[PDB]
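Here is structure-v2.pdb, consisting of PDB, C-alpha atoms:
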```
ATOM      1  CA  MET A  23       0.000   0.000   0.000
ATOM      2  CA  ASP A  24       1.072   3.606  -0.370
ATOM      3  CA  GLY A  25       2.446   5.289   2.747
ATOM      4  CA  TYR A  26       2.063   8.685   4.428
ATOM      5  CA  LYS A  27       4.349  10.346   7.000
ATOM      6  CA  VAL A  28       3.042  12.997   9.343
ATOM      7  CA  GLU A  29       4.861  14.755  12.192
ATOM      8  CA  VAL A  30       3.550  14.403  15.777
ATOM      9  CA  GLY A  31       1.119  17.242  16.526
ATOM     10  CA  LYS A  32       0.334  17.876  12.886
ATOM     11  CA  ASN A  33      -2.708  16.987  10.781
ATOM     12  CA  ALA A  34      -2.761  13.866   8.607
ATOM     13  CA  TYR A  35      -4.399  14.242   5.162
ATOM     14  CA  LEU A  36      -5.491  10.955   3.572
ATOM     15  CA  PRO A  37      -6.870  11.372   0.027
ATOM     16  CA  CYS A  38      -9.876   9.395  -1.204
ATOM     17  CA  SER A  39     -12.300  10.282  -4.020
ATOM     18  CA  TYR A  40     -14.728   8.877  -6.613
ATOM     19  CA  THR A  41     -16.459  10.068  -9.763
ATOM     20  CA  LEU A  42     -19.766  11.608  -8.791
ATOM     21  CA  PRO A  43     -22.136  12.006 -11.788
ATOM     22  CA  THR A  44     -23.643  15.426 -12.537
ATOM     23  CA  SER A  45     -26.536  15.830 -10.041
ATOM     24  CA  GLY A  46     -25.712  12.319  -8.813
ATOM     25  CA  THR A  47     -26.897  10.691  -5.626
ATOM     26  CA  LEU A  48     -23.975  10.421  -3.194
ATOM     27  CA  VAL A  49     -22.457   6.951  -2.745
ATOM     28  CA  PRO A  50     -22.206   5.946   0.976
ATOM     29  CA  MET A  51     -18.664   5.514   2.273
ATOM     30  CA  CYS A  52     -16.673   4.884   5.453
ATOM     31  CA  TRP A  53     -13.220   5.489   6.862
ATOM     32  CA  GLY A  54     -11.873   2.926   9.336
ATOM     33  CA  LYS A  55      -8.591   2.404  11.134
ATOM     34  CA  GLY A  56      -7.706  -1.045   9.814
ATOM     35  CA  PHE A  57      -7.546  -3.122   6.671
ATOM     36  CA  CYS A  58     -10.839  -3.037   4.749
ATOM     37  CA  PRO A  59     -13.055  -5.884   6.025
ATOM     38  CA  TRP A  60     -15.594  -7.977   4.080
ATOM     39  CA  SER A  61     -18.418  -5.591   5.004
ATOM     40  CA  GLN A  62     -18.378  -1.852   5.841
ATOM     41  CA  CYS A  63     -15.335  -0.677   7.912
ATOM     42  CA  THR A  64     -13.615  -1.746  11.130
ATOM     43  CA  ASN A  65     -12.770   0.868  13.770
ATOM     44  CA  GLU A  66     -15.062   3.412  12.165
ATOM     45  CA  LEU A  67     -13.868   7.013  12.062
ATOM     46  CA  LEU A  68     -16.366   8.535   9.687
ATOM     47  CA  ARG A  69     -19.379   7.290   7.775
ATOM     48  CA  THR A  70     -21.681   8.860   5.170
ATOM     49  CA  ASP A  71     -24.837   7.784   3.356
ATOM     50  CA  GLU A  72     -26.556   9.007   0.175
ATOM     51  CA  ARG A  73     -27.116  12.458   1.746
ATOM     52  CA  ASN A  74     -24.407  13.371   4.222
ATOM     53  CA  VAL A  75     -22.179  12.280   7.098
ATOM     54  CA  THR A  76     -23.999   9.826   9.416
ATOM     55  CA  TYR A  77     -21.217   9.067  11.917
ATOM     56  CA  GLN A  78     -18.129  10.902  13.137
ATOM     57  CA  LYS A  79     -15.885   9.265  15.769
ATOM     58  CA  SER A  80     -14.763  12.578  17.258
ATOM     59  CA  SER A  81     -14.080  16.183  16.175
ATOM     60  CA  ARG A  82     -10.500  15.114  15.286
ATOM     61  CA  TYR A  83     -11.770  13.151  12.253
ATOM     62  CA  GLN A  84     -13.145  15.298   9.453
ATOM     63  CA  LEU A  85     -13.950  15.126   5.790
ATOM     64  CA  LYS A  86     -11.454  17.687   4.445
ATOM     65  CA  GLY A  87     -12.825  17.963   0.903
ATOM     66  CA  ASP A  88     -16.398  18.202  -0.316
ATOM     67  CA  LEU A  89     -18.283  14.879  -0.152
ATOM     68  CA  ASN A  90     -20.836  16.600  -2.420
ATOM     69  CA  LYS A  91     -18.236  16.562  -5.206
ATOM     70  CA  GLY A  92     -17.068  13.001  -4.455
ATOM     71  CA  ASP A  93     -13.979  14.175  -2.486
ATOM     72  CA  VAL A  94     -14.081  12.088   0.692
ATOM     73  CA  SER A  95     -10.511  12.815   1.807
ATOM     74  CA  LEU A  96      -9.917  12.515   5.561
ATOM     75  CA  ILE A  97      -8.134  14.819   7.932
ATOM     76  CA  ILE A  98      -6.979  13.506  11.319
ATOM     77  CA  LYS A  99      -6.078  16.448  13.548
ATOM     78  CA  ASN A 100      -3.196  16.623  16.024
ATOM     79  CA  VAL A 101      -1.686  13.192  15.412
ATOM     80  CA  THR A 102       0.178  11.115  17.983
ATOM     81  CA  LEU A 103       2.139   7.894  17.551
ATOM     82  CA  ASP A 104      -1.078   5.954  18.375
ATOM     83  CA  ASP A 105      -2.524   7.175  15.041
ATOM     84  CA  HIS A 106      -0.016   5.075  13.067
ATOM     85  CA  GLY A 107      -1.160   2.074  11.019
ATOM     86  CA  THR A 108      -3.451   0.953   8.204
ATOM     87  CA  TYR A 109      -6.500   3.043   7.206
ATOM     88  CA  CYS A 110      -9.405   1.992   4.982
ATOM     89  CA  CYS A 111     -11.457   4.258   2.712
ATOM     90  CA  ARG A 112     -14.378   2.286   1.345
ATOM     91  CA  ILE A 113     -16.809   3.654  -1.225
ATOM     92  CA  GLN A 114     -19.912   1.502  -1.173
ATOM     93  CA  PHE A 115     -21.085   1.375  -4.784
ATOM     94  CA  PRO A 116     -24.390  -0.570  -4.941
ATOM     95  CA  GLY A 117     -24.211  -4.318  -5.740
ATOM     96  CA  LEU A 118     -22.279  -7.378  -4.573
ATOM     97  CA  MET A 119     -18.490  -6.823  -4.522
ATOM     98  CA  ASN A 120     -18.843  -3.415  -6.233
ATOM     99  CA  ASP A 121     -17.221  -1.495  -3.369
ATOM    100  CA  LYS A 122     -14.094   0.490  -4.103
ATOM    101  CA  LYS A 123     -11.664  -0.323  -1.265
ATOM    102  CA  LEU A 124      -8.554   1.719  -0.598
ATOM    103  CA  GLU A 125      -5.944   1.040   2.088
ATOM    104  CA  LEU A 126      -3.195   3.537   3.013
ATOM    105  CA  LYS A 127      -0.382   3.303   5.571
ATOM    106  CA  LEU A 128       0.056   6.164   8.010
ATOM    107  CA  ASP A 129       3.429   6.582   9.726
ATOM    108  CA  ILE A 130       4.143   9.093  12.473
ATOM    109  CA  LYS A 131       7.500  10.883  12.360
TER     110      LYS A 131
END
```
What would you get if you wrote out this structure as structure tokens?
Amino acid sequence: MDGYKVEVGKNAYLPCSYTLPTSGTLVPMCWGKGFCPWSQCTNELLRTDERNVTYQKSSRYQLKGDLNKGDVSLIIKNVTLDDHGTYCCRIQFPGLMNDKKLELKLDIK
């Protein structure tokens, strides 16, 4: 997987995006701290549905781009060493095994 390095105390930016059709319904998605599981996300940080965010773990975890344009990039504020590891961005396109699953490594420097 591709890796990111963020200094302690700084904000981690993890990019994730999908093609949203003109006047398209939003595709639900989740961020989790782990490898992408079979269904949804593990260790949920942020979740959306067809309209908007539906779950946010804490104020530290924020969608940094505009989900309404298909930019579902995550910011994690004020990182510590405990924030290191594998992250999953999962875009839940309708239908069996249609999900777009992205895993990124975050390292803390």
Which of these, A:119, A:111, A:48, A:103, has the shortest distance to residue 28 in chain A once you count only C-alpha atoms?
A:103
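The two atoms in question, CA of residue 82 in chain A and CA of residue 105 in chain A, are spaced 11.3 Å apart.
Residues surrounding residue 102 in chain A within 9 Å are residues 29, 30, 31, 32 and 130 of chain A [all atoms listed in the file; sequence separation below 5 positions excluded].
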Would you be able to write out as a ChimeraX atom specification which residues have an atom within 12 Å of (-21.7, -0.9, -4.6) in the file's coordinates, counting all atoms listed in the file?
/A:48-51,61-62,112-123
Deliver the residues from the most recent selection as a file, using C-alpha atoms, as a tab-separated table (two decimals), in the frame of the given file.
```tsv
chain	number	residue	atom	x	y	z
A	48	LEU	CA	-23.98	10.42	-3.19
A	49	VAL	CA	-22.46	6.95	-2.74
A	50	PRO	CA	-22.21	5.95	0.98
A	51	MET	CA	-18.66	5.51	2.27
A	61	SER	CA	-18.42	-5.59	5.00
A	62	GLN	CA	-18.38	-1.85	5.84
A	112	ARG	CA	-14.38	2.29	1.34
A	113	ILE	CA	-16.81	3.65	-1.23
A	114	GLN	CA	-19.91	1.50	-1.17
A	115	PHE	CA	-21.08	1.38	-4.78
A	116	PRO	CA	-24.39	-0.57	-4.94
A	117	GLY	CA	-24.21	-4.32	-5.74
A	118	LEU	CA	-22.28	-7.38	-4.57
A	119	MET	CA	-18.49	-6.82	-4.52
A	120	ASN	CA	-18.84	-3.42	-6.23
A	121	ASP	CA	-17.22	-1.50	-3.37
A	122	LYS	CA	-14.09	0.49	-4.10
A	123	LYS	CA	-11.66	-0.32	-1.26
```
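This file gives the following result for the PyMOL selection byres ((chain A and resi 91-100) around 7): residues 31, 32, 33, 34, 35, 36, 37, 38, 39, 40, 41, 42, 82, 83, 84, 85, 86, 87, 88, 89, 90, 101 and 102 of chain A.
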CA of residue 109 in chain A to CA of residue 75 in chain A: how many Å, to one decimal?
18.2 Å
Could range 96-108 of chain A be written out with N, CA and C atoms, as a PDB file, in the first residue's frame, please?
```pdb
ATOM      1  N   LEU A  96      -9.834  12.405   4.111  1.00  0.00           N
ATOM      2  CA  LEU A  96      -9.917  12.515   5.561  1.00  0.00           C
ATOM      3  C   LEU A  96      -8.787  13.354   6.132  1.00  0.00           C
ATOM      4  N   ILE A  97      -9.133  14.214   7.080  1.00  0.00           N
ATOM      5  CA  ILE A  97      -8.134  14.819   7.932  1.00  0.00           C
ATOM      6  C   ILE A  97      -8.211  14.230   9.342  1.00  0.00           C
ATOM      7  N   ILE A  98      -7.057  13.914   9.919  1.00  0.00           N
ATOM      8  CA  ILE A  98      -6.979  13.506  11.319  1.00  0.00           C
ATOM      9  C   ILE A  98      -6.147  14.561  12.037  1.00  0.00           C
ATOM     10  N   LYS A  99      -6.770  15.322  12.936  1.00  0.00           N
ATOM     11  CA  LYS A  99      -6.078  16.448  13.548  1.00  0.00           C
ATOM     12  C   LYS A  99      -5.145  16.006  14.663  1.00  0.00           C
ATOM     13  N   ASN A 100      -4.066  16.761  14.849  1.00  0.00           N
ATOM     14  CA  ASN A 100      -3.196  16.623  16.024  1.00  0.00           C
ATOM     15  C   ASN A 100      -2.753  15.181  16.268  1.00  0.00           C
ATOM     16  N   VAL A 101      -1.996  14.617  15.324  1.00  0.00           N
ATOM     17  CA  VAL A 101      -1.686  13.192  15.412  1.00  0.00           C
ATOM     18  C   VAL A 101      -0.688  12.873  16.529  1.00  0.00           C
ATOM     19  N   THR A 102      -0.829  11.679  17.092  1.00  0.00           N
ATOM     20  CA  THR A 102       0.178  11.115  17.983  1.00  0.00           C
ATOM     21  C   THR A 102       0.637   9.811  17.356  1.00  0.00           C
ATOM     22  N   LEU A 103       1.669   9.216  17.949  1.00  0.00           N
ATOM     23  CA  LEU A 103       2.139   7.894  17.551  1.00  0.00           C
ATOM     24  C   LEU A 103       1.039   6.803  17.486  1.00  0.00           C
ATOM     25  N   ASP A 104       0.037   6.898  18.359  1.00  0.00           N
ATOM     26  CA  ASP A 104      -1.078   5.954  18.375  1.00  0.00           C
ATOM     27  C   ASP A 104      -1.901   5.995  17.074  1.00  0.00           C
ATOM     28  N   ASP A 105      -1.807   7.086  16.321  1.00  0.00           N
ATOM     29  CA  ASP A 105      -2.524   7.175  15.041  1.00  0.00           C
ATOM     30  C   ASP A 105      -1.862   6.399  13.895  1.00  0.00           C
ATOM     31  N   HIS A 106      -0.677   5.840  14.133  1.00  0.00           N
ATOM     32  CA  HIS A 106      -0.016   5.075  13.067  1.00  0.00           C
ATOM     33  C   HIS A 106      -0.779   3.795  12.694  1.00  0.00           C
ATOM     34  N   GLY A 107      -0.618   3.358  11.450  1.00  0.00           N
ATOM     35  CA  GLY A 107      -1.160   2.074  11.019  1.00  0.00           C
ATOM     36  C   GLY A 107      -1.897   2.145   9.696  1.00  0.00           C
ATOM     37  N   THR A 108      -2.666   1.093   9.424  1.00  0.00           N
ATOM     38  CA  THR A 108      -3.451   0.953   8.204  1.00  0.00           C
ATOM     39  C   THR A 108      -4.818   1.618   8.347  1.00  0.00           C
TER      40      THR A 108
END
```
